Amino acid sequence: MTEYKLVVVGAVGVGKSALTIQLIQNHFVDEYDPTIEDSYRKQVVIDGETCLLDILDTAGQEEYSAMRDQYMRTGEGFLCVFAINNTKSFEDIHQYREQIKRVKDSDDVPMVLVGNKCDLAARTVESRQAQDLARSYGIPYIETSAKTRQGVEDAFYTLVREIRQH
Ligand SMILES: Nc1nc2c(ncn2[C@@H]2O[C@H](COP(=O)(O)OP(=O)(O)NP(=O)(O)O)[C@@H](O)[C@H]2O)c(=O)[nH]1
Ligand SMILES: [Ca+2]
Ligand SMILES: [Ca+2]
Ligand SMILES: [Ca+2]
Ligand SMILES: [Mg+2]
Ligand SMILES: [Mg+2]
Numbered sequence: 001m002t003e004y005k006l007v008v009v010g011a012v013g014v015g016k017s018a019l020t021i022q023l024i025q026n027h028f029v030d031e032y033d034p035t036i037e038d039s040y041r042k043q044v045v046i047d048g049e050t051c052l053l054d055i056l057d058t059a060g061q062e063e064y065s066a067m068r069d070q071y072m073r074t075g076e077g078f079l080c081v082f083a084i085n086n087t088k089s090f091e092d093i094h095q096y097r098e099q100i101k102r103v104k105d106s107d108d109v110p111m112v113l114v115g116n117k118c119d120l121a122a123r124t125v126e127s128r129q130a131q132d133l134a135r136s137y138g139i140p141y142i143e144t145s146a147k148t149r150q151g152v153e154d155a156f157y158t159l160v161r162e163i164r165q166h
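So for the sequence shown, the entry's author numbering puts the first residue at 1; every next one is plus one.
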């Protein structure tokens, strides 16, 4: 069957792991355990196609930035996550995209911009601000909550649909 290699990137604490775990295991992780690098694999049906999602959950701790080149090499599409209550994480997106761009030597790498924690009211990144960033990259912007599940399937499935346009 078709395999899609997805990679989830973004700053510390934005909810990369909680998003992936909500998608794959259908529950919310409330606690914080920093990730080094974990892999998840699950068979799903997307738009009638039975396929395998292979998802790499990466570290947001800058201390592990040296690992980024390797995972940017293998991935077919990237979920670039920030949190809507974390302006610095939004500003950090470009460093993730710029490296993805250099490593892929491409300006059309499949990606989706994700604004996570949309269940929280302490918003400092307005939807339109993120829409503008995504537009400049030529990719969709989607808001999610790993806590409530809002947008979670949408974000990952949209990334699959982006890879399919490549
Ligand atoms: N309210 C709310 N909290 C969230 C959401 N997503 C993650 N969190 C919380 O934010 C914290 C960090 O989440 P986590 O998924 O570990 O972040 P991460 O981006 O994987 N961190 P790291 O880069 O260190 O691996 C956890 O306490 C988690 O419960 C969300 O959508 N809503
Ligand atoms: Ca829980
Ligand atoms: Ca390279
Ligand atoms: Ca692009
Ligand atoms: Mg994590
Ligand atoms: Mg502002």
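For every residue, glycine included, the Cβ atom is placed at its ideal position computed from N, Cα and C.
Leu-56 is the residue among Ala-146, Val-152, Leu-52 and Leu-56 whose C-alpha sits nearest the C-alpha of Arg-73.
Between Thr-87 and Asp-119, the CB-CB gap reaches or exceeds 8 Å. The set of residues whose C-beta lies within less than 7 Å of a heavy atom of ligand 4 reads, in chain order, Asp-107, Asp-108, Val-109, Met-111, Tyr-137, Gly-138 and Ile-139. For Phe-82, the enclosing beta strand (DSSP E) stretches over residues 77-83. No heavy atom of ligand 5 is found nearer than 7 Å to the CB of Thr-144. Here the alpha carbon of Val-14 sits roughly 15 Å from the alpha carbon of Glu-37. Closest in alpha carbon position to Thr-35, among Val-12, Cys-51 and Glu-49, is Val-12. When distances are taken from the beta-carbon of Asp-119 to the heavy atoms of ligand 2, even the shortest one reaches 7 Å or more.
Counting C-beta pairs closer than 8 Å gives fewer than three between the region 69-85 and the region 40-50, which falls short of the contact rule. Unbroken alpha helix (DSSP H) stretches of 4 residues or longer found wholly inside the region 52-134: 68-74 and 87-104, given in chain order. Residue range 152-163 is occupied by the alpha helix (DSSP H) that includes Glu-162.
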